[PDB]
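To start, the structure under review is shown below, and the notes come after it.
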Amino acid sequence: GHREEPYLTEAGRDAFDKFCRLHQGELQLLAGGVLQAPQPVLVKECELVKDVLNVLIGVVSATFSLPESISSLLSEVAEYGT
Amino acid sequence: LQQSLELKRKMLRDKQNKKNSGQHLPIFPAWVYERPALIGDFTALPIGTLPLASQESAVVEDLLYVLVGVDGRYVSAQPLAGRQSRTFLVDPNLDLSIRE
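In structure tokens, the structure reads:
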């Protein structure tokens with residue numbers, strides 16, 4: 305056996321997140337320092353759920369002060404707690 | 150904390166010169182007021207609270223003490239009763255979610 309070198313559209317959860325930071329770096333190069341969009345990591349899933357459910361109680365957190392599309396998904400429920 | 154003894158002396162004098170026929174109105178002895186016992190307020203791991211899942215279990219048992227009158231290891235009751243809104247001092251280096 306010598307398998308079919310993971311076709312892209314099926315191989316994710318590491319290779320897609322690697323891949324997100326690749327297209328992010330590409331856009332940053334096409335801008336050239338004038339974009340500089342970091343933090344393509346961090347953290348986990350369940351603790352983020354307890355975090356956002358805590359935001360509904362008014363609570364402050366590590367990312368709530370007072390890929391990369393989770394900021395938009397997070398704003399939709401952040402403005403609920405405000 | 151001591152001006153209450155002045156208050157007790159004034160209300161003592163008021164009832165004393167008012168009701169002049171009976172035997173002397175009852176009093177407590179002074180130590181009942183002077184005890185801190187009767188008022189409800191009076201190896202711990204210096205890791206700087208590293209472990210995130212263990213911080214909840216440590217602070218909640220300090221909470222289980224602080225709900226009923228006892229300063230904790232990480233929470234601590236400030237030495238007022240100057241005022242009446244008795245504030246508490248949590249540990250600085252905590253998870254801010256937990257500290258909040």
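Quick mapping for you: the protein sequence lines, in order, are chains A and B.
Numbered by full-length UniProt numbering, the letters in the first sequence go through residues 305 to 370, 390 to 405 in order.
Numbered by full-length UniProt numbering, the letters in the second sequence go through residues 150 to 191, 201 to 258 in order.
Where is the CB? At the ideal position from N, CA and C, for every residue including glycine.
Around the C-beta of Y232/B, 16 or more other C-beta atoms lie within 10 Å, and the residue is accordingly described as buried.
Between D229/B and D190/B, the C-beta gap is smaller than 9 angstroms, which places the two residues in contact. Within 9 angstroms of the CB of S365/A, the CB atoms of chain B belong to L254, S255 and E258, in sequence order along the chain. Following the DSSP letters along the chain, one finds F320/A inside the alpha helix (DSSP H) bounded by residues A319 to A335. Flagged as an interface residue toward chain B: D355/A, by a C-beta distance shorter than 9 angstroms. In the DSSP annotation of this structure, the continuous segment of the alpha helix (DSSP H) that includes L221/B starts and ends at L210 to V224. Contact check for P344/A against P390/A passes: the beta carbons are separated by less than 9 angstroms. Judged by beta-carbon spacing, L203/B lies beyond the 9 angstroms limit of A179/B, meaning their Cβ atoms are not closer than that value.
For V347/A, the closest C-alpha among the options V359/A, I393/A, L326/A and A315/A is that of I393/A. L247/B is bridged by DSSP to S234/B.
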